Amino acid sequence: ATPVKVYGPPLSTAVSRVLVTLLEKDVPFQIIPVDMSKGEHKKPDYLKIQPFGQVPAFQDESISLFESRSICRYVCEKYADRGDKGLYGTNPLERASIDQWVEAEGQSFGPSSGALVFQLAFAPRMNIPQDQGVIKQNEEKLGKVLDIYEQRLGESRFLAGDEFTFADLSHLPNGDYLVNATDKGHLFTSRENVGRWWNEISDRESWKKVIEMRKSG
């Protein structure tokens, strides 16, 4: 067996999703930078595996893939017998029950939380003005999603059931930025069940590893 290849910077939320999945699945990997300032995202050989010139990309001995969620589904299937065996289920019913929340994250939680972090953390870093109109509508949307999560997480320990799965994992990247790079952490802590869930999943050793990697590179 050979370490898989992950293309992109660990600071990327989509890259981070792949990295924490590989750690949870106990899969060795190498991270290969894709530096836009060196035109690396536009190289023909990169575009063959990532047609959008975005990150992450993935390669192993069998295939090249793009989009973080499809990379992670592939990884979870290929290495099903390894690491966290239930991460994306152990049968088609479990997989689907997990997947619906993965889709919910990509369609609702992700876009609203993403925009919030953008304005609140990164505009000030660049010393440019925020769009309060952007702040507001996405806080409402995210509020509604989190009210739904609060109810679900009072009836179930994790989103898809009684154990940590990809459903929860997939919330880590945007959730981390929201809680640790903005002052909107209270959206989680003010909600008793969501707060517990966030503390539980963000304290996993896999996720903690990803956090460190952002400092070294």
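All residue numbers are counted from 1 along the displayed sequence.
In this entry, 140 to 148 has the higher mean Cα B-factor, the comparison being between 68 to 76 and 140 to 148. Remark: stretch with higher mean C-alpha B factor among 201 to 209 and 16 to 24 is 201 to 209. Which of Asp176, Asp60, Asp168, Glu155 has the largest Cα B-factor in the deposited entry comes down to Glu155. In this PDB entry, the Cα temperature factor of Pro44 sits in the middle third of its chain's modelled residues.
Among the modelled residues of its chain, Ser37 has a C-alpha B-factor that falls in the highest third, as given in the PDB entry. Among the modelled residues of the chain, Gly161 sits in the highest third by CA temperature factor in this PDB entry. Among the modelled residues of the chain, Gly217 sits in the highest third by CA temperature factor in this PDB entry.
Ranked against the other modelled residues of its chain, the C-alpha B-factor of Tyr88 as given in the entry falls in the middle third.
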